[PDB]
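A.B. asks: My questions will all concern the structure given below.
Heads up, the Cβs are rebuilt from the backbone with ideal geometry, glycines too, and the neighbour counts pull from every protein chain shown. Every number here is computed from the coordinates shown, using simple stated rules; none is lab data.
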Amino acid sequence: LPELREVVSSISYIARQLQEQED
Amino acid sequence: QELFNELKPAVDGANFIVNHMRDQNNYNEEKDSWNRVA
Amino acid sequence: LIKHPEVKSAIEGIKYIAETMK
Amino acid sequence: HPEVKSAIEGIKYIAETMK
């Protein structure tokens, strides 16, 4: 299931970017 | 529960994104209210 | 797993985002 | 589904755009 792992990676990257923007 | 364990980072990230969007929207709404008062 | 509160919160959150940008 | 693939490409697209 590479697609689910890629979606997880994309969501994690988006969350990390938002957290950095919050800091 | 292995599938849920694998999807838990995605769910946590989605919830974080949702909270960020809601907080930004409330912040913008308060700014708009201040604009209306002005 | 759908009955988990976090999953439902995420679904309703993406719906809220879609309605907000609309 | 084709629309699930479209949604996957959309999520990856949003991530790539933010990158």
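A.B. asks: Per residue of B:4-12, how many C-beta atoms from partner chains lie within 10 Å of its own C-beta, taken as a mean?
C.D. replies: Counting Cβ atoms of other protein chains within 10 Å of each residue's Cβ and averaging gives 6.
A.B. asks: Roughly how compact is the protein assembly as shown, stated as its Cα Rg over 2.2 N^0.38 Å to two decimals?
C.D. replies: So the protein assembly as shown has a normalised radius of gyration of 1.22.
A.B. asks: Compute the signed sum of charges (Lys and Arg +1, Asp and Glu -1) over the other residues within less than 15 Å, Cβ to Cβ, of residue C:2.
C.D. replies: So the environment of residue C:2 carries a net charge of +2.
A.B. asks: In straight Cα distance, which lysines are under 30 Å from residue D:12, not counting same-chain residues fewer than 8 positions off?
C.D. replies: Within the straight-line cut-off, residue D:12 pairs with B:8, C:3, C:8, C:15, C:22.
A.B. asks: Just subtract the alpha-carbon distance of residue A:4 and residue A:19 from 0.36 nm times their residue separation and send over the number in nm, one decimal.
C.D. replies: Separation in residues times 0.36 nm, less the Cα-Cα distance, equals 3.2 nm.
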